[PDB]
Amino acid sequence: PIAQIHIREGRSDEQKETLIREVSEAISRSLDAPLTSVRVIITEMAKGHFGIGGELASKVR
Amino acid sequence: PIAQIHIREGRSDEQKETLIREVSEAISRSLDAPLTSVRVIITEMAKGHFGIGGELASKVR
Amino acid sequence: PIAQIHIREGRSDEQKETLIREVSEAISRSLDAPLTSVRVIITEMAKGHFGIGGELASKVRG
Amino acid sequence: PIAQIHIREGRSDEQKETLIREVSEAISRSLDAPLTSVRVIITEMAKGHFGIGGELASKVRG
Amino acid sequence: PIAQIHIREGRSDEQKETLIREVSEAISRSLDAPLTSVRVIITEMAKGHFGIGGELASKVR
Amino acid sequence: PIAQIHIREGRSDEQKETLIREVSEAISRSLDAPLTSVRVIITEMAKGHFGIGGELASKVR
Ligand SMILES: [Cl-]
């Protein structure tokens with residue numbers, strides 16, 4: 001499995017590390033797949049690069 | 001957060017549903033994010049559409 | 001014998017493969033026919049492509 | 001599930017009725033589906049209506 | 001189907017959520033029923049509001 | 001736990017017997033409760049005794 005996760009930029013290396021591990025375990029667990037086959041890509045979203053409903057996420061929320 | 005997960009085709013609706021849930025909870029847990037903000041897209045990979053080391057995954061396993 | 005089986009989508013490769021095997025054995029057994037002559041085609045039915053009583057199956061379930 | 005089974009003509013009512021029952025049970029069993037959702041259609045193939053390898057089946061048998 | 005489940009209070013949101021899901025699936029499965037049509041009400045029982053044998057349950061387990 | 005399940009009418013004994021068992025196990029499983037403590041009441045709804053949206057269910061949708 002290959003997960004690409006889009007997240008708003010603003011987080012700790014530690015927190016992102018936790019995301020990677022937690023997600024990888026959830027994938028491996030629920031697909032009954034080896035952990036080794038699980039790859040996670042995290043793609044950070046700059047403050048003005050993500051929109052919800054045509055507004056900026058930063059603005060509305 | 002928006003996770004797109006690429007997986008090999010061949011799984012029950014039940015198992016995919018559990019992937020979605022488990023992954024969503026891992027994301028919302030580790031980012032301290034509302035669940036409501038978590039979106040998961042599952043993109044299935046046909047047997048002949050995913051290669052590992054230049055050779056088909058079904059093959060290479 | 002050639003069986004075409006229409007089933008609702010949503011099942012594991014494993015389960016469909018069991019269906020194929022089980023059905024094949026039931027045909028061969030009951031017709032006293034060689035297994036080799038038994039062919040099975042599964043045709044999956046998308047969640048809006050199968051109706052019971054004019055309503056979607058998804059909605060009545062049976 | 002809806003199975004349509006194509007078989008060569010020439011069989012007893014009994015034997016076909018066993019086919020229907022056996023197949024139905026194999027489907028219900030392997031899909032973990034209610035028996036009562038299982039429908040089987042048997043379509044018989046006349047002696048000159050089924051070909052294997054471009055030659056009539058009656059002639060080549062399998 | 002409409003299930004109202006009476007349970008003793010004292011359990012995680014997480015855990016009640018899983019009750020709802022599991023029970024819904026058991027109903028839909030065993031009645032061959034659309035899930036959509038399954039509705040579950042959890043009503044909670046305060047420690048002094050549930051009696052077994054004229055005794056408080058709290059007490060008698 | 002005590003579930004009361006409202007269901008339409010018109011089913012097997014066998015099917016209702018499965019419902020009871022399936023549900024009971026889902027409750028016991030998800031609450032980590034003893035089976036023995038699980039009670040299920042099933043209440044059947046006559047053809048003209050259940051309404052969805054003010055019409056009869058027999059008739060919706
Ligand atoms: Cl109790």
# chains A, B, ... in the order shown; residues from 1 in each chain; ligands from 1
>>> residues_near_ligand(ligand="ligand 1", cutoff="9 Å", atoms="only C-alpha atoms and all ligand atoms", output="PDB file with N, CA, C and O atoms, in the first residue's frame")
ATOM      1  N   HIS E   6     -30.214  -0.930  26.380  1.00  0.00           N
ATOM      2  CA  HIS E   6     -29.974  -0.388  27.709  1.00  0.00           C
ATOM      3  C   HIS E   6     -28.664  -0.936  28.237  1.00  0.00           C
ATOM      4  O   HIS E   6     -28.470  -2.154  28.294  1.00  0.00           O
ATOM      5  N   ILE E   7     -27.750  -0.041  28.601  1.00  0.00           N
ATOM      6  CA  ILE E   7     -26.468  -0.452  29.190  1.00  0.00           C
ATOM      7  C   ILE E   7     -26.150   0.402  30.408  1.00  0.00           C
ATOM      8  O   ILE E   7     -26.593   1.546  30.514  1.00  0.00           O
ATOM      9  N   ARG E   8     -25.386  -0.177  31.326  1.00  0.00           N
ATOM     10  CA  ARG E   8     -24.874   0.531  32.493  1.00  0.00           C
ATOM     11  C   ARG E   8     -23.928   1.634  32.049  1.00  0.00           C
ATOM     12  O   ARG E   8     -23.136   1.454  31.128  1.00  0.00           O
ATOM     13  N   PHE E  50     -30.709   0.808  37.904  1.00  0.00           N
ATOM     14  CA  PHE E  50     -30.839  -0.509  37.322  1.00  0.00           C
ATOM     15  C   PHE E  50     -30.718  -1.582  38.391  1.00  0.00           C
ATOM     16  O   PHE E  50     -29.693  -1.671  39.086  1.00  0.00           O
ATOM     17  N   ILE E  52     -31.241  -5.698  39.691  1.00  0.00           N
ATOM     18  CA  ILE E  52     -31.302  -7.140  39.420  1.00  0.00           C
ATOM     19  C   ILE E  52     -31.711  -7.878  40.699  1.00  0.00           C
ATOM     20  O   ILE E  52     -30.840  -8.285  41.537  1.00  0.00           O
ATOM     21  N   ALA E  57     -27.756  -3.239  40.661  1.00  0.00           N
ATOM     22  CA  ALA E  57     -26.829  -4.017  39.845  1.00  0.00           C
ATOM     23  C   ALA E  57     -25.399  -3.711  40.225  1.00  0.00           C
ATOM     24  O   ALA E  57     -24.619  -4.611  40.486  1.00  0.00           O
ATOM     25  N   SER E  58     -25.062  -2.429  40.207  1.00  0.00           N
ATOM     26  CA  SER E  58     -23.829  -1.931  40.805  1.00  0.00           C
ATOM     27  C   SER E  58     -23.316  -2.882  41.870  1.00  0.00           C
ATOM     28  O   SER E  58     -22.154  -3.281  41.848  1.00  0.00           O
ATOM     29  N   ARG E  61     -23.356  -7.189  40.693  1.00  0.00           N
ATOM     30  CA  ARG E  61     -22.740  -7.480  39.385  1.00  0.00           C
ATOM     31  C   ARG E  61     -23.609  -8.402  38.512  1.00  0.00           C
ATOM     32  O   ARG E  61     -24.763  -8.077  38.185  1.00  0.00           O
TER      33      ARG E  61
ATOM     34  N   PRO F   1     -26.740  -5.944  29.624  1.00  0.00           N
ATOM     35  CA  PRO F   1     -27.371  -5.141  28.548  1.00  0.00           C
ATOM     36  C   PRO F   1     -28.710  -5.713  28.188  1.00  0.00           C
ATOM     37  O   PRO F   1     -28.860  -6.943  28.244  1.00  0.00           O
ATOM     38  N   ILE F   2     -29.655  -4.852  27.819  1.00  0.00           N
ATOM     39  CA  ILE F   2     -30.972  -5.300  27.421  1.00  0.00           C
ATOM     40  C   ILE F   2     -31.343  -4.610  26.132  1.00  0.00           C
ATOM     41  O   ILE F   2     -31.614  -3.397  26.127  1.00  0.00           O
ATOM     42  N   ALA F  33     -18.495  -7.853  27.875  1.00  0.00           N
ATOM     43  CA  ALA F  33     -19.516  -8.192  28.840  1.00  0.00           C
ATOM     44  C   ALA F  33     -19.691  -9.720  28.839  1.00  0.00           C
ATOM     45  O   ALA F  33     -19.414 -10.386  27.824  1.00  0.00           O
ATOM     46  N   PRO F  34     -20.142 -10.341  29.828  1.00  0.00           N
ATOM     47  CA  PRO F  34     -20.545 -11.750  29.749  1.00  0.00           C
ATOM     48  C   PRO F  34     -21.804 -11.900  28.884  1.00  0.00           C
ATOM     49  O   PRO F  34     -22.719 -11.066  28.962  1.00  0.00           O
ATOM     50  N   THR F  36     -24.100 -14.159  29.169  1.00  0.00           N
ATOM     51  CA  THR F  36     -25.147 -14.397  30.161  1.00  0.00           C
ATOM     52  C   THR F  36     -25.914 -13.148  30.605  1.00  0.00           C
ATOM     53  O   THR F  36     -27.099 -13.229  30.973  1.00  0.00           O
ATOM     54  N   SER F  37     -25.215 -12.009  30.625  1.00  0.00           N
ATOM     55  CA  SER F  37     -25.823 -10.742  31.021  1.00  0.00           C
ATOM     56  C   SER F  37     -26.650 -10.120  29.891  1.00  0.00           C
ATOM     57  O   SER F  37     -27.530  -9.265  30.149  1.00  0.00           O
ATOM     58  N   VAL F  38     -26.458 -10.632  28.665  1.00  0.00           N
ATOM     59  CA  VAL F  38     -27.133 -10.068  27.486  1.00  0.00           C
ATOM     60  C   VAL F  38     -28.531 -10.615  27.300  1.00  0.00           C
ATOM     61  O   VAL F  38     -28.700 -11.815  27.158  1.00  0.00           O
TER      62      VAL F  38
END
>>> select_by_dssp(residues="chain C", states="strand (DSSP E)", output="ChimeraX atom specification")
/C:2-8,39-45,51-52,55-56
>>> write_last_selection(atoms="N, CA, C and O atoms", output="PDB file, in the first residue's frame")
ATOM      1  N   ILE C   2     -21.627 -24.480 -18.936  1.00  0.00           N
ATOM      2  CA  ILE C   2     -21.130 -23.120 -18.762  1.00  0.00           C
ATOM      3  C   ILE C   2     -22.095 -22.342 -17.866  1.00  0.00           C
ATOM      4  O   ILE C   2     -23.210 -22.034 -18.267  1.00  0.00           O
ATOM      5  N   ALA C   3     -21.688 -22.053 -16.641  1.00  0.00           N
ATOM      6  CA  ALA C   3     -22.523 -21.273 -15.754  1.00  0.00           C
ATOM      7  C   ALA C   3     -22.069 -19.829 -15.787  1.00  0.00           C
ATOM      8  O   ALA C   3     -20.904 -19.554 -15.587  1.00  0.00           O
ATOM      9  N   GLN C   4     -22.982 -18.910 -16.053  1.00  0.00           N
ATOM     10  CA  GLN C   4     -22.737 -17.497 -15.788  1.00  0.00           C
ATOM     11  C   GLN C   4     -23.507 -17.112 -14.527  1.00  0.00           C
ATOM     12  O   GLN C   4     -24.721 -17.263 -14.467  1.00  0.00           O
ATOM     13  N   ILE C   5     -22.786 -16.642 -13.512  1.00  0.00           N
ATOM     14  CA  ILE C   5     -23.397 -16.247 -12.249  1.00  0.00           C
ATOM     15  C   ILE C   5     -23.367 -14.743 -12.069  1.00  0.00           C
ATOM     16  O   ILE C   5     -22.312 -14.138 -12.023  1.00  0.00           O
ATOM     17  N   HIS C   6     -24.536 -14.139 -11.955  1.00  0.00           N
ATOM     18  CA  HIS C   6     -24.614 -12.730 -11.631  1.00  0.00           C
ATOM     19  C   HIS C   6     -24.664 -12.551 -10.137  1.00  0.00           C
ATOM     20  O   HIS C   6     -25.511 -13.123  -9.471  1.00  0.00           O
ATOM     21  N   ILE C   7     -23.730 -11.781  -9.604  1.00  0.00           N
ATOM     22  CA  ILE C   7     -23.713 -11.476  -8.168  1.00  0.00           C
ATOM     23  C   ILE C   7     -23.477  -9.994  -7.926  1.00  0.00           C
ATOM     24  O   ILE C   7     -22.821  -9.334  -8.735  1.00  0.00           O
ATOM     25  N   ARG C   8     -24.001  -9.485  -6.815  1.00  0.00           N
ATOM     26  CA  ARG C   8     -23.730  -8.117  -6.409  1.00  0.00           C
ATOM     27  C   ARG C   8     -22.264  -7.939  -6.118  1.00  0.00           C
ATOM     28  O   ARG C   8     -21.628  -8.828  -5.572  1.00  0.00           O
ATOM     29  N   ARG C  39     -17.192 -24.769 -16.986  1.00  0.00           N
ATOM     30  CA  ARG C  39     -16.733 -23.391 -17.001  1.00  0.00           C
ATOM     31  C   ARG C  39     -17.665 -22.450 -16.249  1.00  0.00           C
ATOM     32  O   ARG C  39     -18.861 -22.543 -16.362  1.00  0.00           O
ATOM     33  N   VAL C  40     -17.099 -21.551 -15.465  1.00  0.00           N
ATOM     34  CA  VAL C  40     -17.889 -20.600 -14.701  1.00  0.00           C
ATOM     35  C   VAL C  40     -17.459 -19.175 -14.989  1.00  0.00           C
ATOM     36  O   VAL C  40     -16.274 -18.854 -14.929  1.00  0.00           O
ATOM     37  N   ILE C  41     -18.440 -18.335 -15.294  1.00  0.00           N
ATOM     38  CA  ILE C  41     -18.229 -16.918 -15.511  1.00  0.00           C
ATOM     39  C   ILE C  41     -18.974 -16.181 -14.438  1.00  0.00           C
ATOM     40  O   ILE C  41     -20.159 -16.362 -14.262  1.00  0.00           O
ATOM     41  N   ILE C  42     -18.212 -15.365 -13.651  1.00  0.00           N
ATOM     42  CA  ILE C  42     -18.873 -14.493 -12.704  1.00  0.00           C
ATOM     43  C   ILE C  42     -19.113 -13.175 -13.363  1.00  0.00           C
ATOM     44  O   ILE C  42     -18.188 -12.528 -13.828  1.00  0.00           O
ATOM     45  N   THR C  43     -20.236 -12.589 -13.190  1.00  0.00           N
ATOM     46  CA  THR C  43     -20.496 -11.264 -13.668  1.00  0.00           C
ATOM     47  C   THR C  43     -20.970 -10.508 -12.454  1.00  0.00           C
ATOM     48  O   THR C  43     -21.922 -10.898 -11.798  1.00  0.00           O
ATOM     49  N   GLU C  44     -20.248  -9.451 -12.117  1.00  0.00           N
ATOM     50  CA  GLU C  44     -20.529  -8.665 -10.934  1.00  0.00           C
ATOM     51  C   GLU C  44     -21.509  -7.576 -11.291  1.00  0.00           C
ATOM     52  O   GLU C  44     -21.426  -7.013 -12.374  1.00  0.00           O
ATOM     53  N   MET C  45     -22.423  -7.289 -10.362  1.00  0.00           N
ATOM     54  CA  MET C  45     -23.453  -6.260 -10.525  1.00  0.00           C
ATOM     55  C   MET C  45     -23.207  -5.048  -9.650  1.00  0.00           C
ATOM     56  O   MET C  45     -23.271  -5.122  -8.418  1.00  0.00           O
ATOM     57  N   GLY C  51     -31.946  -4.495  -9.900  1.00  0.00           N
ATOM     58  CA  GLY C  51     -33.199  -4.098  -9.298  1.00  0.00           C
ATOM     59  C   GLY C  51     -34.088  -5.257  -8.940  1.00  0.00           C
ATOM     60  O   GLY C  51     -34.158  -6.232  -9.658  1.00  0.00           O
ATOM     61  N   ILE C  52     -34.752  -5.141  -7.802  1.00  0.00           N
ATOM     62  CA  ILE C  52     -35.743  -6.109  -7.354  1.00  0.00           C
ATOM     63  C   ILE C  52     -37.075  -5.384  -7.147  1.00  0.00           C
ATOM     64  O   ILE C  52     -37.186  -4.496  -6.292  1.00  0.00           O
ATOM     65  N   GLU C  55     -37.193  -1.362  -7.619  1.00  0.00           N
ATOM     66  CA  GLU C  55     -36.364  -0.561  -6.737  1.00  0.00           C
ATOM     67  C   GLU C  55     -34.982  -1.172  -6.749  1.00  0.00           C
ATOM     68  O   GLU C  55     -34.834  -2.335  -7.081  1.00  0.00           O
ATOM     69  N   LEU C  56     -33.969  -0.398  -6.383  1.00  0.00           N
ATOM     70  CA  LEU C  56     -32.609  -0.910  -6.352  1.00  0.00           C
ATOM     71  C   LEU C  56     -32.478  -2.041  -5.344  1.00  0.00           C
ATOM     72  O   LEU C  56     -33.109  -2.018  -4.289  1.00  0.00           O
TER      73      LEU C  56
END
>>> closest_atom_pairs(of="chain A", to="region 25-29 of chain B", cutoff="7 Å", atoms="only C-alpha atoms", output="Markdown table")
| residue | atom | partner | partner_atom | distance |
| --- | --- | --- | --- | --- |
| A:19 | CA | B:27 | CA | 6.1 |
| A:22 | CA | B:26 | CA | 5.4 |
| A:23 | CA | B:26 | CA | 5.4 |
| A:26 | CA | B:26 | CA | 6.7 |
>>> closest_residue(among="A:41, A:31, A:46, A:3", to="chain C", atoms="only C-alpha atoms")
A:31
>>> atom_distance(atom1="CA of residue 25 (chain C)", atom2="CA of residue 24 (chain D)")
12.1 Å
>>> select_by_dssp(residues="chain A", states="alpha helix (DSSP H)", output="VMD selection string")
chain A and resid 13 to 31
>>> interface_residues(of="chain C", to="chain E", cutoff="7 Å", atoms="only C-alpha atoms", output="JSON list (two decimals) with N, CA and C atoms, in the first residue's frame")
[["chain", "number", "residue", "atom", "x", "y", "z"],
["C", 58, "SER", "N", -29.83, -2.65, -3.45],
["C", 58, "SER", "CA", -29.02, -2.09, -2.35],
["C", 58, "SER", "C", -29.91, -1.71, -1.16],
["C", 59, "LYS", "N", -31.20, -1.19, -1.70],
["C", 59, "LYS", "CA", -32.24, -0.59, -0.87],
["C", 59, "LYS", "C", -33.26, -1.57, -0.25],
["C", 60, "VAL", "N", -33.56, -2.67, -0.93],
["C", 60, "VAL", "CA", -34.48, -3.67, -0.37],
["C", 60, "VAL", "C", -33.73, -4.86, 0.21],
["C", 61, "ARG", "N", -32.48, -4.99, -0.23],
["C", 61, "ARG", "CA", -31.57, -6.09, 0.12],
["C", 61, "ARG", "C", -32.02, -7.51, -0.30]]
>>> closest_residue(among="C:46, C:20, C:35, C:26", to="chain D", atoms="only C-alpha atoms")
C:26
>>> closest_residue(among="B:40, B:47, B:55, B:60", to="residue 20 (chain B)", atoms="only C-alpha atoms")
B:40
>>> atom_distance(atom1="CA of residue 56 (chain B)", atom2="CA of residue 4 (chain A)")
21.2 Å
>>> closest_atom_pairs(of="chain B", to="chain E", cutoff="12 Å", atoms="only C-alpha atoms", output="tab-separated table")
residue	atom	partner	partner_atom	distance
B:14	CA	E:25	CA	10.5
B:17	CA	E:21	CA	11.9
B:18	CA	E:21	CA	11.4
B:21	CA	E:18	CA	11.4
B:25	CA	E:14	CA	10.5
>>> write_last_selection(atoms="C-alpha atoms", output="PDB file, in the first residue's frame")
ATOM      1  CA  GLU B  14     -16.050  -4.883   4.508  1.00  0.00           C
ATOM      2  CA  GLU B  17     -14.412  -0.011   5.014  1.00  0.00           C
ATOM      3  CA  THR B  18     -12.281  -1.015   7.974  1.00  0.00           C
ATOM      4  CA  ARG B  21     -12.129   3.829   9.528  1.00  0.00           C
ATOM      5  CA  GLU B  25      -8.750   7.343  13.414  1.00  0.00           C
TER       6      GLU B  25
END
>>> closest_residue(among="C:12, C:57, C:30, C:17", to="chain D", atoms="only C-alpha atoms")
C:30
>>> residues_around(residues="residue 32 (chain C)", least_positions_apart="6", cutoff="12 Å", atoms="only C-alpha atoms", output="MDAnalysis selection string")
(chainID C and resid 1 24:26 38) or (chainID D and resid 11 15:16 18:19)
>>> closest_residue(among="D:47, D:13, D:33, D:62", to="chain C", atoms="only C-alpha atoms")
D:62
>>> atom_distance(atom1="CA of residue 49 (chain C)", atom2="CA of residue 39 (chain E)")
26.2 Å
